[PDB]
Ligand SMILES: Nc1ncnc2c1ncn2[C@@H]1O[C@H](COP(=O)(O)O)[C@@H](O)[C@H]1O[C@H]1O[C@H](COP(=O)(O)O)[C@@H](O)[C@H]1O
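Below you'll find only one chain, the form solved without the ligand, shown as structure tokens.
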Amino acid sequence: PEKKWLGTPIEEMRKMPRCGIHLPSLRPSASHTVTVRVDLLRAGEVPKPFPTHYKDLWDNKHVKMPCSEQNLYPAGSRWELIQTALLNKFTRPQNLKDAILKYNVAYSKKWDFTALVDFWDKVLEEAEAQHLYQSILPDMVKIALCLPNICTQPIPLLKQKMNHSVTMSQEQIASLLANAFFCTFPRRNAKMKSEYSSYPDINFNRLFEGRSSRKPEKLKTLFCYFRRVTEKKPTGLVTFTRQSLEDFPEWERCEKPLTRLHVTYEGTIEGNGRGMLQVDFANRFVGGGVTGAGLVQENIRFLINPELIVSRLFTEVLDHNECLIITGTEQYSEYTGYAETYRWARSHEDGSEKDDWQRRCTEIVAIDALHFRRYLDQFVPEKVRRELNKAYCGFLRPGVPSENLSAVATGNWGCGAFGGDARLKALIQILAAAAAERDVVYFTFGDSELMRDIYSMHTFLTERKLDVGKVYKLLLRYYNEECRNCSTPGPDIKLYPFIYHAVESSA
């Protein structure tokens, strides 16, 4: 009949907050921006900002804030215009359109609001729609205009090559995302913009356009979030860390043993990987590409844990050797389905514990797989190393002892319609985690046959005591003997059968 899970029992895997290191005092440093008063940080209490009063930096190293004195429009304060536009009664979707357009006159022809209109009138029921413009919208306006009182410290841009963290409160994020809803962020809109060309869009204008059925679902999911945040203010902190490694394992010679594996075709990363390092199948432009298009794994996580979206404000396109690590985000929505079948189910009430820094024990890492538009490309040794390096970067924690690292909760990273081979990518992640000295928890999402195969291969390589280097050498043998001279889209003999054969015919 076939089992539901294989390998190590999931309750034997290291998980937060149990496995956690003893956190030192939270404090600002060269590599850590802290936007809250640490001495006044108390459990279940809304964090006070630091500094007390708004300081502005309008430069190329910080986020260009909408409440800045240097944000200008036809010449006067664009922020005071934002205030006059938003301090109005909404009763019809066009009011909100005309409000957002008052400080975006150049995009009146480019920004379509049809999806907003049709959500307002067709999707929402009368009472649901009334509640939106009577309460939710005015409450989002109020927290959006309180931005200079809420976010007082200039937020550094996490540029490529930077190894830097930013710890802010959820309440601060709420105000930033509310601003992103109303499309207040300057310099972020133009097609021929220069400074932020290598950053994803932050303004939510694209969620209002078109005649697609995906749009109302994304709006349901976000309005759920905004409803919660405006009715009951969140009290925790969230950390955003960009990691960028220059040096990587010498994969051919790496002597590190494979680690433990739990593999299952039932469960989810977000549901069953609680307290573990949860992988986000990212786009290099985090949160779903420059544009935010799609309802795929990354898009979904960003919608159900909306606080992740704010990373699009200050996170530059990820390079090959980089990742973004986010600790502390809350789950607000529950969902069903995927892509065209994605549906908002109901609100979620997050019951996870917190660490000493008041961050929820939820660690997500954004690692972008490559898009293999030609199938064979991934077996090319350099492309394997690339995937190895990207995964390793997401899993490695410099200076943290292995017994303090949670298991990695992951799945079919970059696979399916993205072109990656599940069996290869499973092996790549396994090797990467071994080099990082973390155990693996792998979700195959319904594919029971894949669960088996990954399990059999892991067991094979563990019992035969093949280290990372020995396994990686098998991947090179596969390319040379089966891939480089292949005239067909895929080779006659698959990876795993070749690996078994290669090892069984040795010594």
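Residue positions are given as counts along the sequence shown, with the first one as 1.
What comes next is about the form solved in complex with the ligand, which is not displayed.
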Task: Contact stretch among 474-482, 49-57, 460-468, 63-71 - heavy atom within 4.5 Å of the ligand in the entry with it bound - done: 49-57
- [ ] Consider residue 39 of the chain shown here, and say whether it contacts the ligand in the entry with it bound, taking contact as heavy atoms within 4.5 Å.
- [x] yes
Open item on the list: Can you tell me whether residue 44 touches the ligand? I mean in the entry with it bound, with a 4.5 angstroms heavy atom cut-off.
Closed with: no
TODO: May I ask you to check whether residue 451 falls inside a 4.5 Å heavy atom distance of the ligand in the entry with it bound?
DONE: no
